[PDB]
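Colleague: Here it is, the structure, as structure tokens.
Ideal geometry is used to build each Cβ from the backbone, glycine not excepted, and the neighbour counts take in all protein chains shown. Computed from the coordinates by the stated procedures, all read-outs in this text should not be read as laboratory data.
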2 protein chains.
Amino acid sequence: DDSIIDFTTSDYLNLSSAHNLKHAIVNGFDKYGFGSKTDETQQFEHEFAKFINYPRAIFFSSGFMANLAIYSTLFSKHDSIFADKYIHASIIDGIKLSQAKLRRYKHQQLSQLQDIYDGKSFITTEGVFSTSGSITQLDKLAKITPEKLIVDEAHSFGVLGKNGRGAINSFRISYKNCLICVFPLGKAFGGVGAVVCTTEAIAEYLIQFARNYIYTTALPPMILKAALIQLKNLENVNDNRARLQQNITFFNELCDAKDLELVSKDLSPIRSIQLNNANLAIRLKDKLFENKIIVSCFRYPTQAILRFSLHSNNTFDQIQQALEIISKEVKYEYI
Amino acid sequence: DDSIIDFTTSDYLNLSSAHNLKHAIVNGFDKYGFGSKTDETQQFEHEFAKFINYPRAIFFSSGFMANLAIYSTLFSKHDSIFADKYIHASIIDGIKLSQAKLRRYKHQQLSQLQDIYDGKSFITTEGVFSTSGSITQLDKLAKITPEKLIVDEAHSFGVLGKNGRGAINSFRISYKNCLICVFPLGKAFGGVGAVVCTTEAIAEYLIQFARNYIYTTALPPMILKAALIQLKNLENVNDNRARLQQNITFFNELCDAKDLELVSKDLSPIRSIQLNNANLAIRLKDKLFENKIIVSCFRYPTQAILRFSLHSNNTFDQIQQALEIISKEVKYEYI
């Protein structure tokens, strides 16, 4: 019941239960009521852009709505966009609705991207990939596709970079290389919505041609006071980031020691364990869950993945117990 | 400052300031915090479907997200959809992203629809049109396009029908004639999100193929407790509906008496006054606003419209003052 070991939320900093947001919500609701239609939106956008160090920030109601706004208003069927084979399905949806032609490369194979790249099209990527937990080398990517980067920070924001400013920040990339980065606030930020950071040109262009996408879908204003506080919470919990890292490092050393294969050995809070058999994977999941341990399960290339989401409040005993149980079952498959 | 006469909100029942929602919000926030990822969602969907008398209800984060989910998953470029020339731009956006071919008819010209209709395609319409405030005769429409209706209830819900159940309800149309009706909760309901009411078949089909649209964009669970209460508020404020009607009836009698032309004489809370000159219209708007009266302004066919949104707390003195000022200026144009 409460002795649940959750390795599937995305609350990487345990901020969703921040204890200093209740007044904010209460006040926001007294001022704006329950509905819609802001001082605080612009205030938030100002503070976000400042934190990330971009010229402009537009607040959207969801990650998906941001992406749609971006791909459907800036691209058409005459453009191409290059994208990692494992890019998140939400981003693909946005792109496909735009009608742009998608061109794919194998996971993190920057060299292969180099081989097919056309010298002109935009490239979309994730700072940390939801699928494999790999960390894209934005600095190498910017050499290959200068001026042409779109980066989703769903899983880097709050986790990578200085004070959790994210992947763009941690690789020291400027809006001259990445014109548009998207910050969904549903994960480490422990909130809702998404912020698009861009140039003045792109922002104004988006505000004029994506008006319906921004305003017909806006979140209720009563929660923007809370969001300002959570931006500071995220900035402030460096000790939570350190805890998180310790769990990540332990996880990886334990998989190495038990010869459990990871899709990626990068230092991110998504750890995806590779199983050659789907059936074994549904088993392990049911097994772990009888032990009050909840993970996620996926199958893609022909292979199946048990996917762990780590968080700052997880312990090594929890991670040890889970991998012990996995390791034990994989040993029977060595037959 | 507070002596503002607003004729542009969509809070037709003045429910956005319902005094009995504060505990709901507070509790919802204690239970779910600020973020996402429900008992209450299904509870709400159950109660909504019951109120409207449909088999199923799916809760979406916005009207727009509902429409996109509908048009992009149930249609392709091989279908056509028939739609009133003034259908709301948000619905057109959804359709165009679906890639379905749009076929238009002149405003409320059911006979013209009959003349171009193909005997098979879906037709999309609004219960009350945001543009002109006309009330579509759903009962005549169902004779022309049996089984093929999609109806947006943005502006009918809470306002038309028994206890404010809406346009489908008030014309006694069954889900055999209208398979899908969409209820945006941002207007009279004074909340946020949208509910799609359909058949079991369509619902399940939507839940399986529009998963990303429903779950990657969901509202925070902390506000679903409040929504359940507001469903009852909306049901309960029959006296607000009567007040509203009195304002609507007064508005129309005063325009008749001053020979001010309405795009539509139907009994809805959107009243659109027809001006043959755009310039006069920006003037009137600035004029009304110096008098602490706020209306909305639009231009479409080659004509310009001053658009009044009435609400249950508006008075006849306010409506009289506003039309007096309009009437006075239009008299100079008779030169």
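Colleague: Can you pick out the pairs among A:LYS77/B:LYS106; A:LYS77/A:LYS140; A:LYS258/A:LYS328; B:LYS187/B:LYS287; A:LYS285/B:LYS225 whose Cα atoms lie more than 21 Å from each other? Walk me through the intermediate numbers first.
Modeller: Details: A:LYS77/B:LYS106 31 Å; A:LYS77/A:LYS140 28 Å; A:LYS258/A:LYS328 9 Å; B:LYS187/B:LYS287 27 Å; A:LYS285/B:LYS225 33 Å.
The answer is A:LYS77/B:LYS106; A:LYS77/A:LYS140; B:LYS187/B:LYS287; A:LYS285/B:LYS225.
Colleague: Could you pull out every residue, at least 5 positions away or on a different chain, whose amide H is within less than 5 Å of the one on B:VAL195? Hs are placed 1.01 Å off N in the peptide plane, and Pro or chain starts have none.
Modeller: When sequence neighbours closer than 5 places are left aside, the close amide H contacts are B:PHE60, B:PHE183, B:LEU185.
Colleague: According to the Kirkwood expression over distinct Cα-Cα pairs, how big is the hydrodynamic radius of region A:234-335, in Å?
Modeller: Every distinct Cα pair counted, the radius reaches 14.1 Å.
Colleague: Within a 10 angstrom radius of each residue's Cβ in B:23-36, how many Cβ atoms of other chains show up on average? Whole number is fine.
Modeller: Details: counts 0, 2, 8, 4, 0, 1, 8, 2, 0, 2, 11, 18, 15, 9.
Mean number of neighbouring Cβ atoms from other chains: 6.
Colleague: Work through the residues other than B:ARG165 whose Cβ is under 12 Å from its Cβ and net out their charges, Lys, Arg +1 and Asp, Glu -1.
Modeller: Once positives and negatives cancel, what remains is +2.
Colleague: Which whole number gives the average count of other chain Cβ atoms within 10 Å of the Cβ atoms across peptide B:207-214?
Modeller: Values: counts 0, 0, 0, 0, 1, 7, 3, 0.
Mean number of neighbouring Cβ atoms from other chains: 1.
Colleague: State the extension gain, in nm to one decimal, for the chain segment bounded by B:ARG299 and B:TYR215, taking 0.36 nm per residue of separation less the distance between their alpha-carbons.
Modeller: Working: separation 84, 0.36 × 84 = 30.24 nm, distance 3.71 nm.
Residue separation times 0.36 nm, minus the Cα-Cα distance, leaves 26.5 nm.
Colleague: Binning at 20 angstrom from zero up to the longest distance, how are the C-alpha pair distances of chain B distributed in percent?
Modeller: 30, 56, 13, 0
Colleague: Test of the criteria: in region B:171-217, which trypsin sites (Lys or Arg not before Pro) are in a DSSP loop and have at most 12 other Cβ atoms within 10 angstrom of their Cβ? Could the numbers behind the result be given before it?
Modeller: On the way: sites: B:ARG172, B:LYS176, B:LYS187, B:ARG211; in loops: B:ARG172, B:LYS176, B:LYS187.
Here the trypsin sites (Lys or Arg not before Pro) that fit, given the DSSP loop and packing criteria, are B:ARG172, B:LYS176.
Colleague: B:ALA57: net charge of surrounding residues, Cβ under 14 Å, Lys/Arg +1, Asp/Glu -1, itself excluded?
Modeller: -3
Colleague: Given 10 °C and 1.306 mPa s, compute D for the protein assembly as shown with the Stokes-Einstein relation, Rh being the Kirkwood radius over Cα pairs; round to the nearest whole µm²/s. Please report the intermediate quantities before stating the final value.
Modeller: Working: Rh = 26.9 Å.
Estimated diffusion coefficient is 59 µm²/s.
Colleague: Which semi-axis lengths, in whole Å and largest first, follow from the square roots of five times the eigenvalues of the Cα gyration tensor of region A:5-84? Mind showing how you got there, number by number?
Modeller: Values: eigenvalues 177, 86, 41 Å².
For region A:5-84, the ellipsoid semi-axes come out as 30, 21, 14 Å.
Colleague: Report Rg/Rh for region B:105-252, rounded to two decimals, where Rg is the Cα radius of gyration and Rh the Kirkwood radius. Present the calculation step by step, with values, prior to reporting the outcome.
Modeller: Values: Rg = 16.6 Å, Rh = 16.7 Å.
With Rg and the Kirkwood Rh in hand, the quotient comes to 0.99.
Colleague: Each residue of region B:259-275 in turn: what ³J(HN,Hα) in whole Hz from Karplus with 6.51, -1.76, 1.60 and θ = phi - 60°, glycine and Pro shown as x?
Modeller: Per residue, the Karplus-derived 3J(HN,Hα) values read 6, 8, 8, 9, 4, 9, 8, 5, 7, 10, x, 9, 10, 10, 8, 7, 10 Hz.
Colleague: Between beta-carbons, use under 14 Å as the cut-off and find the net charge around B:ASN279, counting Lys and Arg +1, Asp and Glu -1. Don't skip to the answer; put the middle values down first.
Modeller: Working: positive: B:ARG283, B:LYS285, B:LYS287, B:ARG299; negative: B:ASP286, B:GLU329, B:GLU333.
Net of charged neighbours comes to +1.
Colleague: So which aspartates and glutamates pass the test for B:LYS37, namely a Cα distance under 18 Å, with those fewer than 8 places away in the same chain ruled out?
Modeller: A:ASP1, A:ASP2, A:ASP6, A:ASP11, B:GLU45
Colleague: Taking each residue in A:186-196, count the Cβ atoms of any other chain within 10 Å of its Cβ, then average. What number comes out?
Modeller: That works out to 3 on average.
Colleague: Taking a point 7 Å out from Cα toward Cβ as the label site, list the nm distances between A:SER296 and the same residue in every other copy, smallest first.
Modeller: Here A:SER296 shows inter-copy label distances of 3.8 nm.
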